[PDB]
């Protein structure tokens, strides 16, 4: 009868439990997770273990790509 603003909280369009999964995988890979959400993971680790961390995320069931400048 009355038209009102209604907010519905949604679940199933993103996987927050998968975030914890990526976190554990990175930690098991030796990284210290400083932050991790749906789109990125920020860790305190060894620059030489980058590929190692990426592999751990993939093995966990997701995709990861290093974000960096053109310089090595």
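Positions refer to the first chain, counted from 1.
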Practice prompt. Take the C-alpha B-factors listed in the entry for 19-27 and for 5-13, compute each mean, and give the stretch with the larger one.
Written response: 19-27
Item to complete: Give the position of residue 68 by CA B-factor within its chain, expressed as the lowest, middle or highest third.
Response: middle
Discussion item. Sorting by Cα B-factor within the chain, modelled residues only, which third would residue 57 end up in: lowest, middle or highest?
Written reply: lowest
Worksheet item: Split the chain's modelled residues into thirds by Cα B-factor; is residue 42 in the lowest, middle or highest one?
Response: lowest
